[PDB]
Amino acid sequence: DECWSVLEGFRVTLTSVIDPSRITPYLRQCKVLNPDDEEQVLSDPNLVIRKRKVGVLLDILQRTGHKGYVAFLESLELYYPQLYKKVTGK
């Protein structure tokens, strides 16, 4: 049908206002975004932007003390194994 092509006139309005991370959880639960879709939308290919977001993440985790430190290292061992070895001396 024609629903999406009709919405095209509003594309720039939509893209200017929406912060995608506010709606991707809803859309994932609707099963119209698969996990690879969401990872694609939310990923940060620009280094400057990525660095800022990781910095904010580290700051949030730091405020939880050792608990966040341990969970963070677990997350590296799972998703960034080479980074894990570098920061833990293994």
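From 1 onward, residues are counted along the sequence shown.
Enquirer: Per the entry, where is the mean C-alpha temperature factor higher: 1 to 9 or 80 to 88?
Expert: Mean CA B-factor is higher for 1 to 9.
Enquirer: Averaging C-alpha B-factors over each stretch, which comes out higher, 61 to 69 or 31 to 39?
Expert: Taking the mean C-alpha B-factor of 61 to 69 and of 31 to 39, the larger value falls to 31 to 39.
Enquirer: Going by what the PDB entry lists, where does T24 fall on CA B-factor within its chain: lowest, middle or highest third?
Expert: CA B-factor rank for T24: lowest third.
Enquirer: How does the C-alpha B factor of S16 compare with the rest of the chain: lowest, middle or highest third?
Expert: It belongs to the highest third of the chain when residues are ordered by C-alpha B-factor.
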